[PDB]
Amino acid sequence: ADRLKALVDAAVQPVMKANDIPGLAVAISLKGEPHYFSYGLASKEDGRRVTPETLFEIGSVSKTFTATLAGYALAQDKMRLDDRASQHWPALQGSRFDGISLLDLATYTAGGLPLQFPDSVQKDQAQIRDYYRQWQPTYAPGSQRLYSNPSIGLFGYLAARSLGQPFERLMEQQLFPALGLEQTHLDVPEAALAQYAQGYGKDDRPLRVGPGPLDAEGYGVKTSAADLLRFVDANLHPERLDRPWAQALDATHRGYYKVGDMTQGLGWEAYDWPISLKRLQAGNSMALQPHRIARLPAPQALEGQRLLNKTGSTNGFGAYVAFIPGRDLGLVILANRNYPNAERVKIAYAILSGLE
């Protein structure tokens, strides 16, 4: 307990001072035991302290939840990864999505869908439909990875359509309950708002995420360190869940291609373990520009001596999740500042190394 807190303090405290992080929550799953380390302030203005129940925006860590709902649709044979995208939304039939697979959308290889929807696209069903209807690939589907909200957002929306209900309803009514997540929200209840940390940007501008097209699919989850560790433990032990949910989690542990040291799954990104900190930082700090992929001859099991991870950022928050299946080791780092991905990995690496 002294060694473990000293290890986590040594990793966290300098990174919080260097990046002026007001509050940070750590959760570690070690050999099936949870450990929580809470630092600093959820809100500077009233001095509310971070706890393991504080809600943080996890940004693009939401994509691993989106991938899990798609895994659930696969498990129920409502869809297949080699389906043409437009088979799941009649509004897209006759568009370029006639020639793009669900796997291409899930893995950012549809042919140049951008990082974000253009500002001209509001959170509006018609605007989003018309955006996709008019879109044309810049390059061949299946050839270049460009990290993209509209890409995996559409994957998530099409998975929900395949299940016959809206995305946000499936998450609240089926997925969060199935995984035992009662402190995980797309739309934070009025009664839980007291737990919602403040985000801090430039000059400590207060920042909580506003509405955007396919926000729920791309970046919309708010959760606690305790709940996000529950999600990690479900990923470490899919076999403990009812069969369809065990399968949905397994679908997110399959690699399709490599870019540098990274193997791309559905939501999760994987590295061999051990690997240098510099390489794990570089993987998580990629130039937001297109990368040629190396396609695997068959989908690869993402298990054993590998680190699976995901970064997530909003204007006010910075999240990182990592787990090593072969070591039954999981960690969550949630902060209320969008501090650099390399600094998030720096904390995590110090902890995971400390425990190897």
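Start at 1 with the first residue shown and count on from there.
Mean C-alpha B-factor is higher over 85-93 than over the other stretch, the pair under comparison being 85-93 and 167-175. Higher mean CA B-factor, judged across 263-271 and 233-241 from the recorded values: 233-241. Highest CA B-factor among the listed residues (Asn284, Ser151, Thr184, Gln134): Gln134. In the deposited coordinates, the residue among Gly111, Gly218, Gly99, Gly255 with the greatest CA B-factor is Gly99. In the PDB entry, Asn309 places in the lowest third of its chain by CA B-factor. Among the modelled residues of its chain, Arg279 has a C-alpha B-factor that falls in the lowest third according to the deposited record. In the PDB entry, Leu24 places in the lowest third of its chain by CA B-factor. In the PDB entry, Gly156 places in the lowest third of its chain by CA B-factor. When all modelled residues of the chain are sorted by CA temperature factor, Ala10 is found within the highest third.
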